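In what follows, one protein chain appears twice in different forms, each by itself as structure tokens: structure 1 and structure 2.
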Structure 1
């Protein structure tokens, strides 16, 4: 009786996919490629997939209008909404919204309707449907489901940050209020971090004059709807972690301590500042036997900011080597999860210094697989820092001096200090499994639902 939906499914012929497997339910997601459109058309029952975890799932892909989907993905969600929720605008010079934003918003409504139709069509014969709506791209869905199913439990879980009210307000009026209107009819809105729940509540208080927020209870009362905000942290999926280095890396790292920065090709991952911080720390000859690997996993390169970030990182690494000597810093840029885990295991120092991050799962996974008791530098603005920051070197991701000094201190630490820190850090990470988080969703929603309906 549980229905699960999220936009992104990268199929070839994922946390939401693992959750589908845990609950043994179908997963409604978007067809993006032509192959998905064909597979979906040819397979009305859904497409079956085995995940690495060994879980096997059924995925129902929605065939959107291709132009609507193109605009929504490339412009609205991955670019505009991304910069709105992940703090990428300077205000002085960007953004400047024109007609494109309005057409994007209309297209967004159409995409939203596609998901609501799929979810309602699929649940139509269900007497007591439970709706789990995942991701920021589906923020419009709860209002549509609520209109048809006034009594259904609806969780909206957002995997990315929620920005401060002043920053949320950057968006065009129809969009900044329209998104909030779409979300509040949910029974429960979930984020990974208290800071995001707080920012959400402030955004609502600021923009919606009829809303009453309660900061202590973390609730909104708005036009009938009572909505509860919950923080439900996620760390890792053990079954997905249950590898070998990329080519050249083991021999290149052989006689050295290895610093690893790892993340998507997304500006929030902050590899440019990580490299510049390493350079400050290595500035001759502050460090001698150390190399740095920048592991990048290509993702949404249809966004200009993402392409431009890659170039900025490449430029920084070349400048690093020009300074520190040839082959001090390398980039390895592929989407092999096996390579990522291998890099995690080999690291002497792990850097997850994001400008901001909804959670950051790498900061749980990496210490859990690392067999060198690697120290971890973690940005204070990652959702993960609310659970793990006391066990890592928590840093301001904009301060190169602070980061360089953390790098230097981490590499100076002996194996006995590193052993003890790493043990505490693993102990803190270990409870935050995918299975526990799924349970947290259902438990939170069940509790809130009784009050929501009342």
Structure 2
């Protein structure tokens, strides 16, 4: 019976009042990673450590600082109250202003970025935030004789080294949900950050990414920057200062637990509907999707076709995100002016059910990200689509390593190639689409949240034996 300790920046919690009693209710969101882990047979018990980012979180933390047991089987939820100034700066450190641009290829080098004092301060703040997490995690696991640590996502990259210092023999997995960039791009970052982040990650027993390309890039970055590290590209390992680290690819597609926005159905009725969906993040590439649709339309055959750009607002305070929405609006305005009024609409709202409705209704799905750690939407959409919609998928999504063969895989920067794919996908007959969609669904279906959790547990257990042995 392993005692599991899960850490991630955000723990999904729902705060409300009972409709009958009016009593205040805090209750964990269904299908959460912690909930799934709670279920593997091996697991005796689990605690979950995350950041308090809301007033409610804050209150709950003060209220139960050691933590609160949450019934589901039970998982102990411990929220961290960071210093507010530090927490916010770290949030800006993790945004397209810094680390998001670094792992998601947002910088052109010729003009950006130019690191100043702000970068040094952001890094200092990042160390303090990392220390909070490590301390909360260790404290939470103090009684445990054999704690298993699962650290999730980029914000926590510094945590493994600090865990390892206090717990030299613990299984530590770090899972990164976003890409890792080429060695030349990774080293854009200031010296203390580009080496310092590698110092924090490498003491993990296992580092996981969604895609092989990300493991390869990671290993090249290590090789490039730490002259004392030894990488093995075949074995996927790093040996560094007596640290042996295993890199693993553990793809995720979707959670088995997965109506239209106002006026969309009637607006779409009588037309084929091209759907592009993603957060208001420049990587999602909706501007280029729209320009590509416009080029396809010029080719003809698209007269009864409409396009919906479905966006979920996120991080709009970040200039790059705001500017992306501005570029999307511009391209959509210009598409209408040329093609005809109301050919293209944006529907920008945070309602996951609406988006799923868009997925079902689509006659063509476009997930053409400039880059993407994985992209779960491209697994969800074909699985719920009832129209035998083709999928246009960018070759730079991690998901392309699993589904690329089953989709129209495109260079997300080539408007011509993407236009041609849109024309071909729409020209394709019902029987051909129907058969391709069934192949597509079968390729997507196995990659479930649960298999992903199992992959982590097994891969960790196995890497722990190896590390223990060498």
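Positions refer to the first chain, counted from 1. If you superpose the two forms and keep the largest set of C-alpha atoms that fall within 1.5 Å, you have the rigid core.
- Candidate set 35, 420, 65, 427; criterion, C-alpha shift of 2 Å or more between the two structures after rigid-core fit; matching residue, 35.
- Relative to the superposed core, residue 46 shifts its CA atom by 2 Å or more between the two structures.
- In this overlay on the rigid core, residue 440 has a C-alpha that sits less than 2 Å away from its partner position between the two structures.
- Once the rigid core is overlaid between the two structures, residue 77 counts among the residues whose Cα shifts by 2 Å or more.
- Core-based superposition between the two structures puts the Cα shift at residue 8 at 2.6 Å.
- Here the two forms are laid over each other by their core, and the C-alpha of residue 284 is off by 6.3 Å between the two structures.
- Shown is the Cα shift of residue 234 between the two structures after rigid core superposition, which amounts to 0.1 Å.
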